[PDB]
Structure formats: C-alpha cells, structure tokens
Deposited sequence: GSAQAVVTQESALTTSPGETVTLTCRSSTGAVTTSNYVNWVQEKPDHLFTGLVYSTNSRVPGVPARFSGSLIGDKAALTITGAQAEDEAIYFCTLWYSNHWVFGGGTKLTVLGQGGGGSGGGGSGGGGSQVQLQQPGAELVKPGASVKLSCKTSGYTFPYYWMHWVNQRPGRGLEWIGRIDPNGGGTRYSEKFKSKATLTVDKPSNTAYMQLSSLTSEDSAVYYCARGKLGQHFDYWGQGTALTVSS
C-alpha cells in the first residue's frame, strides 16, 4: 500500500504564509489522486478545508488554498491566524482506496451538520451500529465515508456508501468487518461493525463525499470502546 508523507511538524508566526506538503510513495501526486486537506482541532474536531487538489470547501476562510507543487500536493495558509494552530491531514485516492498522510502539527507562534454520538462501550464478540445523523443538505445526493482512528494511530478509511442505491466500497482492512447502510427518511447513515475485538476500539468518523468532492464535512466522531 502507498505511504502518504507529510511534514511531522511546522512552525509559522501570525500573519505569515506557510506551506504544508503531501507526498506519495508511488510517484507524483496528480489531480487523479483527488487530494483533500482536513484540519483536526482538539477533541477530535475535523474540518474539511480543500477537496480535489485546489477547491476550497464553502465557508472555509479564503487564506487556505490547495495546489500541486512539482511532485506533491501542497496546502498554503496565507496570513496564518492564531486559531490555525492544528493538525492538518491530506488524503489521496489510489484507484480504489483512500490513504491518509500522517498529519502535520502546525504551531502558530505565540449549515451542513453530521451528528454522531460521543461514545459507546460494547463487549467483544458483539456487534454495534454507529449512527451519523445529517442535516443542512439533500442527503440522497451525497455519499457518506467512514474513517477511524485507533488511539495513538493514524487515520484509516473504512469505506463509503452511496445512498442512491446503497452501493458500497470498503478498504481492504474493513472489507469483512464493516457494513454500511442508510435510512433516507431520517437522513441518517449507519456503520455496523461485527465480531468486535479490543482492536476495534477507536474514534469512528462519518464524512460526506461524492464523485469529485470528498471529506468536506465531518461528524464529530464516536469513541467506541470494546472492553
């Protein structure tokens, strides 16, 4: 599997410009990798910033911009603000799966809603169905991705579902673990995990997508603990 590499840490000062980069171990990053940039703030708060290389997510401050610089993708912050101190992840599409970079911790010197329960404790060998209740957009016209993050580990794409017909795609790691469904009348996406083990303990995120536009809005995550 490809490895996506980002600077581990970078420092900027308020009002300066800083550029983060995102490299592919397979070769040059291209627009066919549909690179997306997401921002993590404390307490698992994810915000989509840029999708498909250079499109800014509506509502995101205009000082964020995405581009390709030679071999790699780049996120530039033009006039860093104090609140931009955060972890920035890129993710790349490799024909049939998403791979997240390891994230850059940026130090700054000095309507759409996806709703998830905060936490749930479950027993091993059981199954659990996690919910992602949406609002502020026409739910059938967008896919829903699911992503997890084990403690101290990186982000892993689980899969996605298209509510128009229920078509799914799963990562290799989750292809026999997760079942995605939707309930259109309640505009809710579901992820069921079966045969739970302690290694399933993680925060599970839902994130919106569709062809050409992925990970622009995120749920707050459900911290699932398997005893």
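In sequence order, the deposited residues that have no C-alpha coordinates form the ranges 1-3, 114-129, 247.
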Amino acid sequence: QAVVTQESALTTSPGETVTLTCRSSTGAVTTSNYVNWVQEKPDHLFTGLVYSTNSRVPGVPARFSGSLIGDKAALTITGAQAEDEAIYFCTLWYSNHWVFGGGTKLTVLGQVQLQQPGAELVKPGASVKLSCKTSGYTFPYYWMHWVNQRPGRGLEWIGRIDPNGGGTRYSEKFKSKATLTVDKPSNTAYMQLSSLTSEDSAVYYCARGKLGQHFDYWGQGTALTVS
From here on, numbers count along this sequence of modelled residues.
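Higher average CA B factor: 65-73, of the stretches 33-41 and 65-73.
The question of which stretch, 157-165 or 183-191, has the higher mean Cα B factor is settled in favour of 183-191. Note on the listed residues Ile87, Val122, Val147, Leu92: the highest Cα temperature factor in the record is that of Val122. Across the options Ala178, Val60, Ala202, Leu196, the residue with the most elevated CA B-factor in the record is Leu196. When the CA B factors of the chain's modelled residues are split into thirds, the value for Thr138 lands in the highest one. Per the deposited record, the Cα B-factor of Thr53 falls in the lowest third when ranked against the other modelled residues of its chain.
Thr19: CA B factor in the lowest third of modelled residues in this chain (values from the PDB entry). Ranked by C-alpha B-factor against the other modelled residues of its chain, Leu114 falls in the middle third.
Sort the chain's modelled residues by C-alpha temperature factor and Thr104 lands in the lowest third, per the entry.
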